[PDB]
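The chain below stands alone, shown as structure tokens; this is the form deposited in one PDB entry.
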């Protein structure tokens, strides 16, 4: 069931929290036994429904963050911003960001909570990926919209984010670019990526 997945990702996350606890060595012994035993039960559990933990745990982190978001219960309500609140980068005039387009030979992939879209018949062109996104430090958190543009400015490709669990990470976006490019290049084409991206991306 889907409640099984969710439940798993939660437990995974709460467990991560507890490790953090016992990292401060706050935990007494029987606790730390719950920690070990629940880590084993978890490895088994995730083995069997065949989700790896790392991402199950980010999912859980999002579910729980949502719970801690809704209360009210006075204060059980928490306030957290560990946030180096972030800077926004726009390679795309909105004129471009909103522009008609389609695919003659449509190719659609989903990876790491991003939709990658590509036109299969586009050959021997020179394209540049432009991306509006957000930065913390020099390393990306998040993407708003990526589009691929020909010499004559035209959409042959797109990478857009998805409301699934977990969300997408700088990584998910890096491989995403890799896939969009690499497939573009496969039917001959040359993909330059914008400086911003170059400067940030990978």
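Shifts are known only where both forms have a C-alpha. Between two forms, the rigid core is the largest collection of C-alphas that superpose within 1.5 Å. Positions refer to the first chain, counted from 1.
Just so it is clear, the following notes concern the form deposited in another entry, a form of the same protein that is not shown.
Remark: with the core as the superposition reference, the CA shift of residue 73 between the shown form and the other one reaches 2 Å or more. The rigid-core alignment places the CA of residue 10 2 Å or more apart between the shown form and the other one. Core-superposed comparison between the shown form and the other one: the Cα of residue 38 travels 2 Å or more. In the other form, the CA atoms of residue 136 and residue 63 come closer by at least 3 angstroms compared with the shown structure.
One change in the other form concerns residue 62 and residue 89, whose Cα atoms lie at least 3 Å closer than in this form. Listed in sequence order, the shifted runs between the shown form and the other one are 3-78, 164-166, counting only residues present in both forms whose C-alphas move 2 Å or more over at least three consecutive positions once the core is aligned.
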